[PDB]
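One structure is given here, and the rest of the page talks about it.
Hydrogens, waters and symmetry mates play no part in the numbers below; they use all other heavy atoms, side chains included. Throughout, protein chains are lettered first and strands after them, A, B, ... in sequence-line order, and every chain is numbered starting at 1.
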Amino acid sequence: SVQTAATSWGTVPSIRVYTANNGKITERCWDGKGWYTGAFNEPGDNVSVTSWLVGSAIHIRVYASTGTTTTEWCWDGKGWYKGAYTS
Amino acid sequence: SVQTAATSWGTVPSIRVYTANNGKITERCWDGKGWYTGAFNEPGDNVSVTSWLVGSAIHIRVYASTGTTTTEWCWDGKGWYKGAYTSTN
Amino acid sequence: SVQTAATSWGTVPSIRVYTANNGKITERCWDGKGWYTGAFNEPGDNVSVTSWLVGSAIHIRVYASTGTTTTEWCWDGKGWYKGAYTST
Ligand SMILES: OC[C@@]1(O)OC[C@@H](O)[C@@H](O)[C@@H]1O
Ligand SMILES: OC[C@@]1(O)OC[C@@H](O)[C@@H](O)[C@@H]1O
Ligand SMILES: OC[C@@]1(O)OC[C@@H](O)[C@@H](O)[C@@H]1O
Ligand SMILES: OC[C@@]1(O)OC[C@@H](O)[C@@H](O)[C@@H]1O
Ligand SMILES: OC[C@@]1(O)OC[C@@H](O)[C@@H](O)[C@@H]1O
Ligand SMILES: OC[C@@]1(O)OC[C@@H](O)[C@@H](O)[C@@H]1O
């Protein structure tokens, strides 16, 4: 089966759900008005996520794994980028 | 192995642990005074969860997957119900 | 593939990432100034985690599963220990 990870923030809330499906991770988003496909698109068979706020600014970290390789993907409001995480 | 997902809220805290075992997801609850089996029961092989507070009110969302179908289940204080979540899979 | 779980707290933030690989769960840590290996080391094939702050103090619960048995491991600042969690 597909494998998911979820995070949320605030009271509306905002929710992000990441799904690993046949080696591809995609993202679905809720901000109070319906679900849509987010910007996140990266390879992986496994996903986890965490997020935190600084004021009202969200910071998301997605950990994508294929075999024994885990890559951290980062969002701070302006595009996804690879983080410094190493195993 | 069985697959779990966990969430917590507050500082006591309250904890909810969802376990997918042989296609069924069940819930175990902690509110500071021992574990007990909760009201959540849905089919699935994979599970994730998130939760948030609005003042003192807890809201939980559980994402249950079987094959490529993921269903969202919602708790807003008065029973579990199916949410609007969908995914293009 | 390996399976991970992640938690974070505060605004720095602190992050903990747990990886289940070859039946062992290990932990990598971030507190704002580089990644390092954490104290957590327990058996498991599946992992989930949650954490909460009590003032400035972190409390972590890791749920490690092997077969149909899930064990809860607890951190309250002074070593990891098995918690009271049980399933069915
Ligand atoms: O507004 C939607 C969005 O920008 O929210 C933050 C991140 O989840 C992004 O991947 C996503 O596209
Ligand atoms: O800004 C990116 C970064 O520094 O954010 C905190 C952690 O997620 C790090 O691994 C990551 O490289
Ligand atoms: O008080 C216990 C309970 O109502 O808490 C909220 C949800 O976790 C429910 O499934 C659960 O039965
Ligand atoms: O009240 C239910 C609901 O609106 O809550 C926010 C999201 O979880 C939605 O998918 C869901 O339908
Ligand atoms: O400072 C690192 C550390 O003590 O943080 C709390 C827990 O994550 C521990 O396993 C970890 O070694
Ligand atoms: O201090 C340990 C403990 O009481 O913490 C709260 C829950 O995680 C319990 O299962 C656990 O035994």
Side-chain angles (χ1 to χ4, degrees), chain A residues 1-54 56-67 69-85, chain B residues 3 5-7 18 20 44-52 59-74 82-89, chain C residues 1-8 13 15 17-19 30 47-50:
Chain A
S1 298
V2 300
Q3 183 270 135
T4 74
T7 195
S8 60
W9 63 96
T11 62
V12 176
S14 281
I15 311 168
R16 303 287 184 272
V17 181
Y18 299 85
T19 300
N21 176 0
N22 190 27
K24 297 163 90 144
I25 304 159
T26 58
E27 177 192 47
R28 293 283 283 173
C29 315
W30 167 270
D31 299 317
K33 287 296 192 193
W35 292 87
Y36 60 97
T37 301
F40 185 93
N41 286 269
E42 295 301 341
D45 294 301
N46 182 80
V47 64
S48 66
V49 65
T50 192
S51 70
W52 65 95
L53 287 168
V54 180
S56 69
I58 197 63
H59 292 90
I60 313 171
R61 298 294 183 271
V62 175
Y63 299 91
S65 303
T66 300
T69 309
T70 302
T71 306
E72 176 188 50
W73 296 101
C74 312
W75 174 267
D76 309 304
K78 284 178 231 132
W80 287 95
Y81 65 95
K82 183 249 181 208
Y85 179 83
Chain B
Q3 300 295 114
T7 194
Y18 301 86
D45 302 300
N46 182 73
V47 62
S48 68
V49 62
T50 192
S51 67
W52 64 94
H59 292 86
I60 313 165
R61 302 290 183 274
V62 177
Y63 299 90
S65 303
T66 300
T68 60
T69 307
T70 303
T71 306
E72 177 190 50
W73 293 100
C74 311
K82 183 174 72 185
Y85 178 88
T86 59
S87 72
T88 321
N89 280 36
Chain C
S1 95
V2 299
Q3 185 266 158
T4 70
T7 193
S8 60
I15 306 168
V17 179
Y18 298 87
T19 299
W30 173 268
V47 61
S48 70
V49 62
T50 194

Minimum heavy-atom distance [X]-[Y], with the two atoms named:
| X | Y | result |
| --- | --- | --- |
| A:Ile58 | A:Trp52 | CD1-O, 3.5 Å |
| C:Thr7 | A:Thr50 | C-OG1, 3.5 Å |
| A:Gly44 | A:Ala20 | O-CB, 3.8 Å |
| B:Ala84 | B:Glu72 | N-OE1, 3.3 Å |
| A:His59 | A:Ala57 | ND1-O, 3.3 Å |
| C:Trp30 | C:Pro13 | CD1-O, 3.3 Å |

Look up atom [atom1] in [X] and atom [atom2] in [Y], then write down how far apart they are to the nearest 0.5 Å.
| X | Y | atom1 | atom2 | value |
| --- | --- | --- | --- | --- |
| A:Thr19 | A:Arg28 | OG1 | CZ | 9.5 Å |
| A:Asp31 | A:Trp9 | CG | CH2 | 6.5 Å |
| B:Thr71 | B:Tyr63 | OG1 | OH | 11.5 Å |

Any donor-acceptor N or O pair under 3.5 Å, side chains [X], [Y]:
| X | Y | result |
| --- | --- | --- |
| B:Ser65 | B:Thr70 | yes |
| A:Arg16 | A:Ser8 | no |
| C:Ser1 | A:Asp45 | no |

ask   = Step by step, would you call A:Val49 with A:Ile60 a side chain to side chain contact (heavy atoms under 4.5 Å, CB included)?
value = CA-CA 7 Å; A:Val49 65; A:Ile60 313 171; 3.5 Å; yes
Side chain to side chain contact (heavy atoms under 4.5 Å, CB included), that's the test. Do A:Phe40 and A:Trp73 meet it? Break it down for me.
CA-CA 9 Å; A:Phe40 185 93; A:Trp73 296 101; 3.6 Å; yes
- Message: Working note: B:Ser87 + B:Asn89, criterion side-chain hydrogen bond (donor to acceptor under 3.5 Å, both in side chains); need CA distance, chi angles, decisive distance, verdict.
- Response: CA-CA 6 Å; B:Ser87 72; B:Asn89 280 36; 3.0 Å; yes
- Query: Mind checking whether A:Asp76 and A:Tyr81 have side chains closer than 4.5 Å, heavy atoms only?
  - Reply: yes
Would you confirm whether B:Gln3, through its side chain, and B:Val47, through its main-chain N or O, come within 3.5 Å as a donor-acceptor pair? no
Quiz item: Do the rings of A:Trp35 and B:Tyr85 sit parallel, tilted or perpendicular, given the 30° and 60° boundaries?
Solution: perpendicular
